[PDB]
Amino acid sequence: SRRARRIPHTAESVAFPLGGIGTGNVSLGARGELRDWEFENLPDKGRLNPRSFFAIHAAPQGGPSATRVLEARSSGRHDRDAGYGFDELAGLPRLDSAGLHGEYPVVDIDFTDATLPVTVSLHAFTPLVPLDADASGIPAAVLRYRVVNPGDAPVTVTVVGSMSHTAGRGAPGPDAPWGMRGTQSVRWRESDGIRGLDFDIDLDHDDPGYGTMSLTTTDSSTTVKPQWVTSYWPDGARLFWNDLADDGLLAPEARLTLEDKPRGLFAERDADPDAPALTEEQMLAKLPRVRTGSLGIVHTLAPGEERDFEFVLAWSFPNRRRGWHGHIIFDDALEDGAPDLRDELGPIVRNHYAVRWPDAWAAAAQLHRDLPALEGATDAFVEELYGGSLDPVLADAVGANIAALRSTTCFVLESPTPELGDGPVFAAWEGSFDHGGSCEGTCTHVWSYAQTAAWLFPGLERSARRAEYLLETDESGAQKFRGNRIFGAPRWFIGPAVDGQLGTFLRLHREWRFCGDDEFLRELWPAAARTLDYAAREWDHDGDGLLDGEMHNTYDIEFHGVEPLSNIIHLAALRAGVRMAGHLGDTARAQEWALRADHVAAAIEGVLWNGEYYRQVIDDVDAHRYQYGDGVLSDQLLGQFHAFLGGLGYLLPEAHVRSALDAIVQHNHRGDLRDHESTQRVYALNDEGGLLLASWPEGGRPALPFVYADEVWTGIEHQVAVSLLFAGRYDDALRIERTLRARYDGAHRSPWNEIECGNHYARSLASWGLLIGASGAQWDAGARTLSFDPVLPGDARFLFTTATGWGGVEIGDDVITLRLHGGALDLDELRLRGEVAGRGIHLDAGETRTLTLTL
C-alpha cells in the first residue's frame, strides 16, 4: 500500500531529488537509478557518475544465484552516439519494472522482477525539519533498501553500493590530465559510529572544485572492495562483477592497477621498449584519476523475512568562487557609488553547511547519529502534508515544489560580506539551467512570488531582506531587483522594478508578521519606508495616486499607461506599511499611507475596473510595444495574493475581486492547447492545459503584446489558484492546479521540477500559498494569534507553521485540535472561522490540545 500515485519506471523525466537546502543534490529516477549528480555548487542535470550504482546478489539455498543491478530496465531511446559507455554499466542485468512513489522529501521505489528470488524496495530521503534550516540542509541522504524473501527457502542477500567521487573535473589543460585536476582517493574507514568508504581529492583545500564524499552504514555485516582496479581499459568493473557474481562477497584488490608500463596504443612515443615495469605508484600516476569503491551489506533471509540494508551517501563541496558569475551582471553593468570590497575579501565564499560539517564524513556521522529524531521529524512532516484533508492534487503542488527550495537554485553563504555582519545569508538564482545558474541576484520580482521559504525556513528569507534593505536600497528609496552587493561587489546599474521593489516591501511585512521580531524590522525600516514612498513620488506623474507611465516588471519589459499589476501591488504594500508603521510608532507615516491607500483603492475602482476585471488604460495599445490594454492579465490581482497571505484581507470590493478572478479563469484558462497560437516559449502545449499570462476575449490584442503573454507560468497559476481559494472559488483553484500538475505528472515532465527560465524555478514556490489559502491560516507573531478558516466546510486536517513551532491542525465534529511536532506555541487566541476557540494556549513539541467550539 502506497499513498502516492505510482509513477512507472518508463517515465524518463522523473527525478526525485535528494539533498537539502544549499547542499546540492543527486536524484533518483523512476528506475531507481542515481542521476543528475550536482553537488559542486552548480546545476548538472544529465551528469553521469561513472560506476556509481547499487546491485544485489541473491543466493537462494539450493538454487541458482542471481546478480542484478537494483534498477528497472531502461526504455525509450537507446541511440547514444557511442553506445551506453563503459562506465554506465548499462549491459549488466536489471529488473523488470519499478514504481516510484514520492511524497517529497520521502520516496519509495518498489521493484518488481520475475527472476530475482527476493523482492526489493528503496526508501530514500534527506531529512526536512520545518523551522530548522540546518537540519534541513544536511549534504547527505539515506538510501535504505528493504529486501523481502517471499519464497520457500532461505536467501543470502548482499546489497552493494558502488560509488565514485565526483570531484576534480577540469577543462582540457596542463592541470587536467585525463580530464581531472586532481587524483581522487578512497579508503575504508570506521570512525564516529559509522563505517564505509571515505573519498577525497588532492586539490587544494580552497579550490572551488575541492570536495569529499562518503558511502556509509551502521550495519556490522559488511563486505567491501574499497578501491576498484584502475587500468587503461575498464578492468575494475569486470573484476568487480566477477567478484560479486561469484559468491556475493567482495575483497580488496591486491593490485590497484594491472598496468606494468604504458604499452601499445598507450605507449609514450619517445619511450624505449624493453624498459622494465614501473612501480604501482609510478604507474597509477600515469592513469585515470577517478576512484571507485564498493560497500556491501550481507544478510540471510528466512522465508517471509524482511530486512533493511541501509546506506548514507554524503558529500561536501565547501568552496564557492566569490561572485554570481552569471549572465546578466557583468563588470560593464556595475555602477559606482558603493565601494568594491572584493579585493580585501577572499576569492572564496564558503557554503554555510560546511561550517557545521567540515567534510562528507562529518555530515554522514551526524545523519546516522541523529537519524531517529531527524527521520521522525521528516515522517511527521510527510504525514501532516500528505495525510490530511487536502485534495491530493493540492498536497502534491505544495509538497513537490519544496524541491525547488532545496535545489541548486538556492544556497546559503557563510558571511559573504562584512556589511551584513557574520552569519548565513540566503541567496538564489531564479532557476537552474541544466549546467549553470539562471538569472542571478535573488531577483526580487521573481522571488516575491515565492512563499515556501517564508513559512518553512523564515530565517533564510529574513537574511535576504537584510541584503536588499541594507545593501541594494539607495538613499532615495530606489531598490535594485538583482542583488550583487552580497558578494562585496558594486551594485548592478539597472534601476528598480515596480513589482520587485513593492513586492519586497510586502515580503518584509510577511517576514515581520511571521517572526514578531521588531528589532529585525527596525534595522531595515528607514530603507524600507523610503522604498514605499519612492513609488508615489517617482511613479505617479499625473498626481492621481495611480502609478502610471514606464515601469519595469517581471515580464522583462515596461508597461506604460495605468494598469493593475503595479497599482494593486502598491495598494497592498500601502496596507502592509500602515501595519508596520503603526506598530513601530511611525504614526505620521501610518496615517499618510492609510489615506493614500484609501485614495488608491478608489482610483483603481474608478479607472482600472471595467465592470468585470481590471485592465490597462492607455491611449493606444500599439503606441508602445509589449502592452496589453483591454486584455485580461492573469497577474492583475497579484497584490491581492500578497494581501490575502499577509492577513490584510480584500483590498478592493469583494464582488469585484471575485469577478476579476472569475474573469481570469474564464478567459485565460485553457483546458487544451491544440488550437493555441504562440510565438513564445513553451511550458505547456498540445493536449495539455494551463493558465495563459494574458488573453484578449473582447479584442484589442496589440500587434506585439508583452513578450510572455501567450505563455504559461506555474508561479502565476499558483498565485491565482491561491487567490481563488481565499475568495471561495474552490473548484476553479482545483481546476488550475490539476491542470498544471498534470503537466508535471511524469509523462512529459518531472513532478519535482516545475520549469520556467530554468529548472527548479523560484516562482513555483508560490505553491506554498495553496496550504495557507486552503486552511485560511493566519499567524500573527506580534499579536500571538493563530486562526484558521478552511475553504471547504466540515472535517479538515492540515500542516501548519508559525515562527515558534509547527504541527498539524484538525477540524471537525465541532472541535479543533492542535498537535505540535516541533518547537513551542504560545497563543493569546486560537480562532476558527472568525470565532475564538480558545485563549492562552501553550504547547510544546509532542503535545496536543483539543478545544470544543461554542454551540
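Just count from 1 along the sequence shown to find any residue number.
- The stretch with the higher mean CA B factor, choosing between 283-291 and 168-176, is 168-176.
- Once the C-alpha B-factors are averaged per stretch, 407-415 and 618-626 rank with 618-626 first.
- Ranking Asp113, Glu698, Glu688, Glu103 by the C-alpha B-factor listed in the PDB entry places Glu698 at the top.
- Residue set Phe433, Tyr744, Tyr84, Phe266: peak C-alpha B-factor at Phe266 (per PDB entry).
- Among all modelled residues in its chain, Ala4 ranks in the middle third by Cα B-factor.
- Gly388: CA B factor lies in the middle third for its chain, per the PDB record.
- Annotation for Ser787: CA B-factor lies in the middle third of the chain's modelled residues.
- Among all modelled residues in this chain, the alpha-carbon of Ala489 has a temperature factor (C-alpha) in the highest third.
- When the CA B factors of the chain's modelled residues are split into thirds, the value for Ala803 lands in the highest one.
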